Structure formats: C-alpha cells, structure tokens
Amino acid sequence: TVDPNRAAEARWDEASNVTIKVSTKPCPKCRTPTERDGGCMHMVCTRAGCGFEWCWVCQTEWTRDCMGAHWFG
Amino acid sequence: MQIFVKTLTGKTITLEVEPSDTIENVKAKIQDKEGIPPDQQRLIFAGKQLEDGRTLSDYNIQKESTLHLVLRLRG
Ligand SMILES: [Zn+2]
Ligand SMILES: [Zn+2]
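Residues numbered from 1 in each chain as written, not as in the entry; some residues may be left out. Chains lettered and ligands numbered in written order. Heavy atoms only, no water.

- For this entry, the PDB record names solution NMR as the structure determination method.

Here's what the structure looks like:
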C-alpha cells in the first residue's frame, strides 16, 4: 500500500567498509581503521578528527615504553 | 566524468577523470588538490585494490562511482 524508495549508490561502499575493517586495525579513539606499512608499531590516526598516535600492538598511545619494548616487529 | 574519492576522514572529494585515466594519473590528480602523496594512496574499489599500472576502464569504473582512499603510513 506504499511505494518503497529505490537507490543504486550502495554495496560498493559497504563491501569497501567491510574489507577495510578486517584488513586494518580500528583506531582506539575513533573506531576508524588505520593503515600499517613495514613493521614500526608507531601508528598515526589518518582521521583529521583524531590525530591520535598509538602503539599497533598495545592499542594505547605512543610512549617511550613502546619505543624500547617494541618500536618495530 | 566526475568520480567521488571517499577518504577514511569523511571528507569526500570530487574529481574529474576520463574512462582512459591510469590509476597513477588519478593519484597525481588527488595529490594536486589534496597534497596527499601517491605512494601513500591505497585506492580500494569494492574490496579490490587499484594498481597504478591499470586504468579506470580496467576496473569498470564509471561516472558517479565512489572510490575508497586509504592513507598509508610510514610507521
Ligand atoms: Zn583516530
Ligand atoms: Zn607498546
């Protein structure tokens, strides 16, 4: 008894959002996946509304304890 | 054609490109206006990655298509 809304601007963004959430760790402060190259544990959150630096292993902020104990893997 | 490049920030950008544009030229056109280095651009199109040596036609990318821009870190 009601006409449903129609759109096509879906599935491509969804499948990209799913693939990124499984291939990259979510930033602790903004739940946004952040890319990691090489083997340094020094992660810088790629979201402008964040800037948060974090240890890829520890899920907490970047600190001297993380620089001595595992700067890289 | 206009495409949309959706960053991991939430800033989505407009970009004018041809079906014949190489993925390298798409990244250079992102660097021009956004300042973002091409070697730090991981383009994703529906799970698939865009290789720099391919074109927009090689991925069947049409007008109004929305690409994911993942920003690669150096650590
Ligand atoms: Zn963040
Ligand atoms: Zn640590």
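1. Focus: the coordination of the zinc ion (ligand 2)
All names here are of chain A.
So, point 1. Around the zinc ion (ligand 2), the protein supplies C55 (SG), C58 (SG), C66 (SG) and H70 (NE2) as donor atoms, at distances of 1.8 to 2.6 Å.
So, point 2. One can describe the site at the zinc ion (ligand 2) as irregular: its four donor atoms subtend angles covering 89 to 141° at the metal.
So, point 3. Each donor residue of the zinc ion (ligand 2) belongs to the same chain, with the gaps between them written as C-x2-C-x7-C-x3-H. Taken together, the residues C55 in strand β2 (residues 53-55) and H70 in helix α2 (residues 64-70) connect sequence positions 15 residues apart. (Donors = N, O, S within 2.8 Å, 3.2 Å for Na, K, Ca; no water. Tetrahedral: all angles 85-135°; square planar, octahedral: opposite > 155°, others 65-115°. Helix = DSSP H or I, 4+ residues; strand = E, 2+ residues; numbered from the N terminus.)

2. Side note on the sheet that holds strand β1 (residues 2-7) of chain B
All names here are of chain B.
So, point 1. In space, the five strands of this open sheet follow the order β2-β1-β5-β3-β4, with mixed pairing throughout. In this open sheet, the two strands that pair with only one neighbour each are β2 (12-16) and β4 (48-49).
So, point 2. Relative to strand β5 (residues 66-71), strand β3 (residues 41-45) runs antiparallel, the two sharing four bridges. Across the sheet, the residue bridging to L43 is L69, located in β5. (Pairing = 2+ DSSP bridges.)

3. A closer look at unusual backbone geometry
So, point 1. Look at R11(A): it is not a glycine, yet its phi comes out positive at around 65°.
So, point 2. Secondary-structure assignment places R11(A) in the segment before α1 (12-23).
So, point 3. Among the residues examined, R11(A) registers a relative accessible area of 67% and is labelled exposed.
So, point 4. Here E64(B), not a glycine, exhibits a phi torsion of approximately 55°, which is positive.
So, point 5. For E64(B), the position within the fold is in the loop between β4 and β5. (Buried < 20%, exposed > 50% of the residue type's maximum accessible area, 1.4 Å probe, protein only.)

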